[PDB]
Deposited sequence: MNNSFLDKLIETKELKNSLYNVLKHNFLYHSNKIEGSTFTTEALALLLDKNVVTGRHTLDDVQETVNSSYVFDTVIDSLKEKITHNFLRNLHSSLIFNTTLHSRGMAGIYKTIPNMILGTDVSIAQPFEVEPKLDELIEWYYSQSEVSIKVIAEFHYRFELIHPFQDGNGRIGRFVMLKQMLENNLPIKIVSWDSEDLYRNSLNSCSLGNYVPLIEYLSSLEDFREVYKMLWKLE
């Protein structure tokens, strides 16, 4: 019923859609080095206004992140494919200084769509394996987290947004992980509060 509210509340101001978009894009972009503050990003999303000091790459990648988010929500229920992911990537790196993999990725995808039920463990494993394959030059973190959110929303799972911190718990969690051992990432994701339960109002 949550997804229903997300789609229905899309056009109204300060809604579930806009809040989720803001938090997710804020943390996900801040991990990758965006210098947008919460108010600067909110201002950019809402009124298309840029404030504070930023590189051109930061701004363009941010705007692209907004478009990619919208594309991800609009293209829910779609099967994750390589050309799909490349569409998201090229949409993400548009107008920037950028302007063995396929079989392993296909294997990962099949593994994902062979599950009887999807859980935080499955999503986390998909995340680490996707990062391990590393199909793209950059944005594997961003694209990967987008896919992660997509998977969470599609399967009515609790919405956990990877949050930036001062000790870098996310990256360290991915590092401590290894093949066959995804427990640190699962612990990290479980550590995070459910977004559904934060803004239940």
What ranges of the deposited sequence, counted from 1, have no C-alpha atoms in this structure?
1 to 3, 103 to 128, 231 to 235
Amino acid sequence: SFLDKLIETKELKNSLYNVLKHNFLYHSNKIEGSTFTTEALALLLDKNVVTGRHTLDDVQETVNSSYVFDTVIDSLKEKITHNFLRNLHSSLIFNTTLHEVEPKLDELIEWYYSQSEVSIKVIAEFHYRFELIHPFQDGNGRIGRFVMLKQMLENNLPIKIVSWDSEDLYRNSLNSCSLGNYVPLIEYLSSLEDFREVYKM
From here on, numbers count along this sequence of modelled residues.
The stretch whose C-alpha atoms carry the larger average B-factor in the entry, 100 to 108 or 67 to 75, is 100 to 108
Name the higher of the two by mean Cα B-factor in the PDB entry, 6 to 14 versus 181 to 189.
6 to 14
Can you tell me which of 32, 61, 39, 138 has the maximum CA B-factor listed in the PDB entry?
138
Between 95, 90, 116, 81, which one tops the list for Cα B-factor in this entry?
116
Sorting the chain's modelled residues by C-alpha B-factor, tell me whether residue 154 ends up in the lowest, middle or highest third.
lowest
Taking the C-alpha B-factors as the PDB entry records them, is residue 163 in the lowest, middle or highest third of its chain?
middle
When the deposited Cα B-factors of this chain's modelled residues are ordered and cut into thirds, is residue 44 in the lowest, the middle or the highest one?
lowest
Sorting the chain's modelled residues by C-alpha B-factor and splitting them into thirds places residue 132 in the middle
